[PDB]
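Single chain ahead, written as structure tokens, the form deposited in one PDB entry.
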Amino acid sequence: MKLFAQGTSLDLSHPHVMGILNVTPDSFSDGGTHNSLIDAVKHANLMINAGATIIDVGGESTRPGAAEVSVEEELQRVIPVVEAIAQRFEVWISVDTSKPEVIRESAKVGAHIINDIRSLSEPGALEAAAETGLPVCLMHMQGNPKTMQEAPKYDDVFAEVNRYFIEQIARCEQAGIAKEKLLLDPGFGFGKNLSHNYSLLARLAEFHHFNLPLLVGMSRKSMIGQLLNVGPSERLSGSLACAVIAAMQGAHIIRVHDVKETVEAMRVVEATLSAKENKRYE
């Protein structure tokens, strides 16, 4: 499968490692852009050289209890960074933003994929996304992403994620976005407890029936911290194990913090699927 955006293509024949670049008010320091723009570009550079092919630029934290960011705060931080990256490098760039104006402006400076945690649910976001013509990633979640309150109960979490994606592909089609520009994300860690998360990971090979690319982001999350009982920085081994289980089942983009190590794990996976009579574990 190939994605086309901004006069380029991304070939999803082999797994892609997507780096994380968050430029929130609390990390893209001291007011609305300091010299944190060369930090962001240094950081971009390291990830590309460690082998990342996509970079996910977001201006709003998605963690429990995270602050809301205003449109100006996001325009101020995200658009500088997306622009400077696209000028200097070959990488594909996706933007995680929920706001229509940030979608429109990030298209204008060279963003390739709109990767919104809220799946374009805000007023005018679908419309803006559609207008840009860019690839959009749809993500399951139940509730508000940044709540600090307990995980849903589901009749069946796999059945519910699957029926959510059928509903969102339709909505997007009704707004003129072709199915061919969609990517799907089960949304690990968002509205799911530890059991729900491993159920979705165990059955990731089943979401290929949509015949859409799968983007996955399990890096350093609670499904790893709770299972092993370790804090956020001692989660590498467990994050690499989730990355490999996902790629063995055919996930096309893996969103991680440790780019070097995951690229190395992905090489072993590729060498292995290359030798497999059907390029996927089921």
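What we label the rigid core is the largest C-alpha set whose atoms superpose within 1.5 Å from one form to the other. Residue numbers run from 1 along the displayed sequence.
In every other compared PDB entry of this protein that covers both flanking sides, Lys99 is modelled, so it falls short of the one-third threshold for missing coordinates. Of the other structures of this protein that model both sides of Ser27, a third or more give it no coordinates. Taking the PDB entry as given, 41-49 carries the higher mean Cα B factor of the two stretches 41-49 and 58-66. Stretches 257-265 and 21-29 differ in mean C-alpha B factor, with the higher average recorded for 21-29. Going by the entry's values, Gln226 shows the largest Cα B-factor out of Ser237, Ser219, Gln226, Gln249. Per the deposited coordinates, the residue with the largest Cα temperature factor out of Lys99, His112, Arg118, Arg88 is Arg88.
In the PDB entry, a CA B factor belonging to the highest third of its chain's modelled residues is recorded for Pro145. Remark: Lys179 belongs to the highest third of its chain, ranked by C-alpha B-factor as recorded. For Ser199, the recorded CA B-factor ranks within the lowest third of the chain. Only modelled residues enter the ranking. Per the PDB record, residue ranking by Cα B-factor puts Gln76 in the highest third of the chain.
In the PDB entry, a CA B factor belonging to the lowest third of its chain's modelled residues is recorded for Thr272.
A second form of this protein, the form deposited with a small molecule bound, is not displayed here; the remarks below concern that form.
Contact annotation for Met139: at least one heavy atom lies within 4.5 Å of the small molecule in the deposited complex. Contact annotation: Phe190 falls within 4.5 Å of the small molecule in the deposited complex, judged by heavy atom distances. With a 4.5 Å cutoff on heavy atoms, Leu215 counts as touching the small molecule in the deposited complex. In the deposited complex, at least one heavy atom of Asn115 sits within 4.5 Å of the small molecule. The stretch among 25-33, 40-48, 240-248, 54-62 whose residues place heavy atoms within 4.5 Å of the small molecule in the deposited complex is 54-62. If you fit the rigid core between this form and the one not shown, you'll see the Cα of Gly231 move by less than 2 angstroms.
Annotation for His34: C-alpha shift of 2 angstroms or more between this form and the one not shown, rigid core superposed. When two forms of a protein are overlaid on their rigid core, residues whose CA moves 2 Å or more are considered shifted, and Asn45 is not one of them between this form and the one not shown. Annotation: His34/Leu75 CA-CA distance longer in the deposited complex than in the displayed model, change of at least 3 Å.
Relative to the shown form, the Cα atoms of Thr33 and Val91 move apart by 3 Å or more in the deposited complex.
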